[PDB]
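One chain follows as structure tokens, the form deposited in one PDB entry.
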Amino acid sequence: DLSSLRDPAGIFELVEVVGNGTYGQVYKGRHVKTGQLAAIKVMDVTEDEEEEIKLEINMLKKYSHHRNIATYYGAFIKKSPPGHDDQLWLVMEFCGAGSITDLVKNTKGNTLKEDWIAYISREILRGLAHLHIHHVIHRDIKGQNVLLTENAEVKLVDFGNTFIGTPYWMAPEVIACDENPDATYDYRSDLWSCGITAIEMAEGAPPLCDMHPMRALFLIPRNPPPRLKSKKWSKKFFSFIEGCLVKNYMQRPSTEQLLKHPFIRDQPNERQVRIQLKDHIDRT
């Protein structure tokens, strides 16, 4: 019941729009009493959307209580005059260091160290494993939706209607064509997306970045699986990319199987990498 939701008036304060417009009306927010920061997603509410939004709050409520998923705090309604429209504020954990895309763009040559890719990939997989256990498909895994805190903690955001978004991280099965008329999301679609996010960390951009989004959407189901440009990478990393990017989702490994991959499993400098990331964040 949305009637139970309070006005954010002396509770949460909006500071500024965060990212740019990558996430839309997502704001850096402040808890008025403690000054503690939060991420505030603002959306207009109509009487028809009352049960369409009730499930999005419930989704955040139920599944964000994992260390690799940005935690739900609460929900508020900023009422409008009788001539509409009400505003719903979804208050979340603030991942102050921004996204993985920001991290790659803020690194010289726009590439990340292989041990940094492995660490962040495992945190993506651990967050996806939690969602998949609960029978939830993220549906939008990409660098922009993988966030960092000040402590180099990796957290997932925006898990799941009018616009088709960016195609570059979309698995072949989610794109409708003549052989695949009913483009379906499988849990394994998040794994393809994870592999594209791993190329994005390695190369600074996803595989068909130079193509018009319409051309990329056409090519993803027809082209062979994308590959890393450089040969500098280890055998373990190419194998992980190959594992994520199995063209036919029916032979693609599960999240549990990818968590057992040597590239994700074998991480000795796990504590060292976390420090290096924290240090890179400190250089704002």
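If you superpose the two forms and keep the largest set of C-alpha atoms that fall within 1.5 Å, you have the rigid core. The first residue of the sequence shown is number 1, and the count goes up from there.
This next part talks about the form deposited in another entry, which is not shown.
Superposed on the rigid core, the two forms differ between this form and the one not shown by 2 Å or more at the C-alpha of one listed residue only; from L217, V45, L228, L259 that residue is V45. When the rigid core is held fixed, the Cα atom of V104 travels less than 2 angstroms between this form and the one not shown. Annotation: Cα of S80 displaced by at least 2 Å between this form and the one not shown, core superposition.
The rigid-core alignment places the CA of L90 2 Å or more apart between this form and the one not shown. The gap between the Cα atoms of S254 and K61 is smaller in the other form, by no less than 3 Å, than in this form.
Compared with the form shown here, the C-alpha atoms of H65 and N58 sit at least 3 Å farther apart in the other form.
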